[PDB]
Every structure is written in C-alpha cells, then in structure tokens.
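See below for the structure under consideration.
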Amino acid sequence: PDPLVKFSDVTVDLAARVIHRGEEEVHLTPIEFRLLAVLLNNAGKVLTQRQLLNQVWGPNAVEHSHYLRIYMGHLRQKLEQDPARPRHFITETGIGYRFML
C-alpha cells in the first residue's frame with residue numbers, strides 16, 4: 001500500500017504526515033493534511049462534498065461545505081503551479097472534487 005505518494009514536484013509521506021515540493025518541506029496544517037490524505041487515498045475517484053466532510057470531520061456535514069472550499073483553496077495555493085488552474089486538485093462542479101495522480 002506504500003505510504004510514500006508522489007505526484008508533481010510534490011512527494012507526500014502519509015505516515016509521517018510530511019510533504020516535500022519540489023523539493024523542500026511544505027508545511028501543512030493538521031486539517032489541510034487529513035484532507036490531502038483522504039484525497040490522496042481516493043486518487044482519481046470523484047468524491048462528493050458530503051463524502052469529504054464525513055472523512056475529514058464527521059458531524060461537520062453538511063452545513064459546513066464552505067470549510068471544504070476554503071481548504072481546497074489552501075491546498076491549491078500550496079501545491080499547485082497555478083492555483084487558478086489546478087492540475088491535481090480538481091473540482092467537479094456541483095458535486096465535489098477529484099484528485100489527479
């Protein structure tokens with residue numbers, strides 16, 4: 001299963017909770033990391049906003065859909081070449097999100 005995930009200039013050790021780009025250490029927030037993980041562990045699958053709020057928080061569903069948008073933004077800001085044009089952290093409009101690689 002291998003807890004060492006690599007996608008662009010980013011390498012993420014899921015076990016240690018550490019991330020390098022590309023590479024020196026990018027520092028994530030504990031919340032931003034549980035979301036990265038969930039996303040990394042569902043690579044390529046399209047996940048609903050409720051699915052994501054469930055897996056990151058649990059009773060923070062669903063009346064807290066905005067936190068998910070705010071933390072996707074943070075993830076893009078830190079990990080994406082162009083936060084405005086994500087290549088890995090992809091939105092499925094009206095549904096949820098999809099992570100590539």
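Residue numbers start at 1 in each chain; chains themselves are named A, B, ... in the order of the structure tokens; ligands are numbered from 1 in the order shown.
If you count only C-alpha atoms and ignore residues fewer than 2 places along the chain from residue 10 in chain A, what sits within 8 Å of it is residues 6, 7, 8, 12, 19, 20, 21, 22, 23 and 79 of chain A.
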Quiz item: Using only C-alpha atoms, which residues sit within 9 Å of residue 39 in chain A once same-chain residues fewer than 3 positions away are excluded, as an MDAnalysis selection string?
Solution: chainID A and resid 34:36 42:45 47 52 89 97:99
Quick one: write out the picked residues with N, CA and C atoms as a short mmCIF file (atom, residue, chain, number, x, y, z; two decimals), in the first residue's frame?
data_model
loop_
_atom_site.label_atom_id
_atom_site.label_comp_id
_atom_site.auth_asym_id
_atom_site.auth_seq_id
_atom_site.Cartn_x
_atom_site.Cartn_y
_atom_site.Cartn_z
N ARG A 34 -5.30 16.06 6.70
CA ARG A 34 -6.27 14.97 6.70
C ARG A 34 -7.09 15.01 5.41
N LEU A 35 -7.22 16.21 4.84
CA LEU A 35 -7.90 16.37 3.57
C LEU A 35 -7.01 15.92 2.44
N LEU A 36 -5.76 16.36 2.41
CA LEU A 36 -4.82 15.82 1.43
C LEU A 36 -4.85 14.29 1.46
N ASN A 42 -8.01 8.45 -2.20
CA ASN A 42 -9.06 8.25 -3.20
C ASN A 42 -8.67 8.79 -4.57
N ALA A 43 -7.37 8.79 -4.84
CA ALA A 43 -6.82 9.24 -6.11
C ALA A 43 -7.69 8.85 -7.31
N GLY A 44 -8.08 9.84 -8.11
CA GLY A 44 -8.77 9.57 -9.36
C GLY A 44 -10.27 9.33 -9.28
N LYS A 45 -10.78 9.11 -8.07
CA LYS A 45 -12.20 8.92 -7.81
C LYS A 45 -12.83 10.27 -7.55
N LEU A 47 -15.27 12.48 -5.51
CA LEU A 47 -15.86 12.46 -4.16
C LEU A 47 -16.82 13.64 -3.95
N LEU A 52 -16.52 14.04 1.66
CA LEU A 52 -15.27 14.68 2.08
C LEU A 52 -15.38 15.27 3.48
N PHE A 89 -5.69 18.98 -8.02
CA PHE A 89 -6.79 19.22 -7.09
C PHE A 89 -8.02 19.74 -7.83
N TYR A 97 -15.19 16.88 -5.58
CA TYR A 97 -13.81 17.02 -6.02
C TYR A 97 -13.14 15.72 -6.45
N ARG A 98 -12.08 15.86 -7.24
CA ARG A 98 -11.38 14.74 -7.84
C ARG A 98 -9.87 15.04 -7.79
N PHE A 99 -9.08 14.06 -7.36
CA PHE A 99 -7.65 14.27 -7.26
C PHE A 99 -6.86 13.45 -8.27
#
Quiz item: Within 12 Å of residue 54 in chain A, counting only C-alpha atoms, which residues qualify if same-chain residues fewer than 6 places away don't, as a PyMOL selection string?
Solution: chain A and resi 34-35+38+47-48+60-65+68
Generate a file of the selected residues that holds C-alpha atoms, formatted as a compact mmCIF listing (two decimals), in the first residue's frame.
# COMPACT_ATOMS: atom_id res chain seq x y z
CA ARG A 34 -6.27 14.97 6.70
CA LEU A 35 -7.90 16.37 3.57
CA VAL A 38 -8.40 11.48 2.10
CA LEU A 47 -15.86 12.46 -4.16
CA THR A 48 -18.95 14.39 -3.03
CA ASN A 60 -19.16 18.93 10.12
CA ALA A 61 -21.60 17.72 7.44
CA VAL A 62 -23.15 19.21 5.54
CA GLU A 63 -23.86 22.73 6.85
CA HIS A 64 -20.07 23.41 6.58
CA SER A 65 -19.46 22.92 2.87
CA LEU A 68 -14.14 22.35 2.34
Quiz item: With distances taken over only C-alpha atoms, which of A:88, A:31, A:94, A:2 is nearest to residue 71 in chain A?
Solution: A:31
Quiz item: DSSP on the backbone: what in chain A comes out strand (DSSP E or B), as number ranges by chain?
Solution: A: 4-6, 10-13, 18-21, 24-26, 46-48, 89-92, 96-99
Quiz prompt | Nearest residue to residue 91 in chain A from the set A:53, A:59, A:72, A:3 (distances using only C-alpha atoms) | solution = A:72
Quiz prompt | Test item, alpha helix (DSSP H) assignment across chain A, answer as a count of residues only | solution = 35
Practice problem: Have a look at A:37, A:13, A:4, A:67 and name the one nearest to residue 49 in chain A; count only C-alpha atoms. | Solution: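 Looking only at the distances to residue 49 in chain A, the closest residue turns out to be A:67.
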Exercise. Would you mind reading off the distance between CA of residue 15 in chain A and CA of residue 95 in chain A, one decimal, in Å?
Key: 29.1 Å
Practice problem: Determine, counting only C-alpha atoms, which protein, DNA and RNA residues have an atom within 10 Å of an atom of residue 28 in chain A; residues of the same chain fewer than 4 positions away are not included. Present the result as a ChimeraX atom specification. | Solution: /A:17-19,32-34,36,74-75,78
